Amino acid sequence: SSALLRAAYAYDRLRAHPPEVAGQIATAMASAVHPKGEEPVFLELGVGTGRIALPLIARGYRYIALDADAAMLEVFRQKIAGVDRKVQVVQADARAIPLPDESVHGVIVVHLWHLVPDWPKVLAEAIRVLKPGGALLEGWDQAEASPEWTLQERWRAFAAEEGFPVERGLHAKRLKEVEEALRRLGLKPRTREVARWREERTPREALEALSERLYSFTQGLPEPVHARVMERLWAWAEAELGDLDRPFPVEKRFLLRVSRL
């Protein structure tokens, strides 16, 4: 409970985008919405803590924030305190959006497909609620190789050594499957890199992100197995990664794929 809420805030701090980057992304998303004269309303499926939503909410756009997770929405509610007059919070499943047909102008989806086996049901709901001329706005972060990549690969290796090998490349495969559906559905997906930057991260911060299972790929392992892997990984890092508090750069990019009805 308090534990679930802390994990939610932890997720928010780990995935936060630098202010300039948040701004670049929000501008690209707002530019893609074409409301013929109406006040544009955005719907985000899997809004989480509101990492993607706040930048837009802050600029005054009507926003419907949908998520199945109560703890994530509790953080979202606190994050938008004082700037929530045009926000509607919704606790529901993206496979059954409680909104009318043709009721929104843009539907935002960032880091959700890989968590939904029957994602085509979500895509169909997004299309159902989008108004003619509406846009599906998919976004995702990408990272280049760094010591964080080395740590994550070491985690994967240790997991396999414990007898629990983990799946690789689900987000990317899922993303391709969705593009296949978007083409087929006549939504003409257009992808563009909307932000590229380098941020600092220390070996210790990367280890803590793994410890707290803040990455979906670390969530499959039984918790005690992850606990054993983390003890191994902290010791390995202390022996092989030098000053655990020395920052290293991590180059990232954010891609936006816009499809239109």
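A residue's number is simply how far along the shown sequence it sits, counting from 1.
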May I ask you to compare 25 to 33 and 60 to 68 by their mean CA B factor in the entry and name the higher one? 25 to 33
Which is higher in the entry, the mean Cα B factor of 74 to 82 or that of 145 to 153? 74 to 82
The largest CA temperature factor among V107, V166, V110, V89 is found at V166
Highest CA B factor of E208, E44, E231, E193, as deposited, is found at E193
Sorting the chain's modelled residues by C-alpha B-factor, tell me whether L221 ends up in the lowest, middle or highest third. highest
So, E179's CA B-factor, relative to its chain, sits in which third? The middle
Sorting by Cα B-factor within the chain, modelled residues only, which third would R204 end up in: lowest, middle or highest? lowest
Among the modelled residues of its chain, the C-alpha B-factor of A160 falls in the third labelled middle
How does the C-alpha B factor of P117 compare with the rest of the chain: lowest, middle or highest third? highest
